[PDB]
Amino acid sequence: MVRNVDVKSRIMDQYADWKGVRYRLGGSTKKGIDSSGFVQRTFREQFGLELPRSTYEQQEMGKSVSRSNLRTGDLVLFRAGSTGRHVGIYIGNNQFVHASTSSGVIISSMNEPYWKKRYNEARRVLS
């Protein structure tokens, strides 16, 4: 559907500009960024939607979405890492973009064992 193709294209536009930027806690620039930071930054610049700064605040925005109802643009939240939460952006086909600790800004599959075991919730913040 054209709605989801346009939304994905804009997220990947952001991804393409940020791929490889290293993980840094509390960072918000191309010198280094964390998971909530990359999300807040993407939605601000690509969709004009202001999200709060941290994972726990973003987990409250919008409307909860069940794992089987995931749509492109939804936030995906995992009980992962030392802050206790990790957030990415679903992009279809069981994939999401995020500021990974191990690799910086990357695309990952929700079916990778590490992320699968720690899945916590989805939030829809566009609609």
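One rule holds for the numbers: they count along the sequence shown, beginning at 1.
- Relative to one another, 30-38 and 62-70 have unequal mean CA B-factors, and 62-70 is the one with the higher figure.
- Among the modelled residues of its chain, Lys19 has a C-alpha B-factor that falls in the middle third according to the deposited record.
- Annotation for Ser103: CA B-factor lies in the lowest third of the chain's modelled residues.
- For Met110, the recorded CA temperature factor ranks within the highest third of the chain's modelled residues.
- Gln95: CA B factor lies in the middle third for its chain, per the PDB record.
- Ranked within its chain, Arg79 lands in the highest third, by CA B factor from the PDB record.
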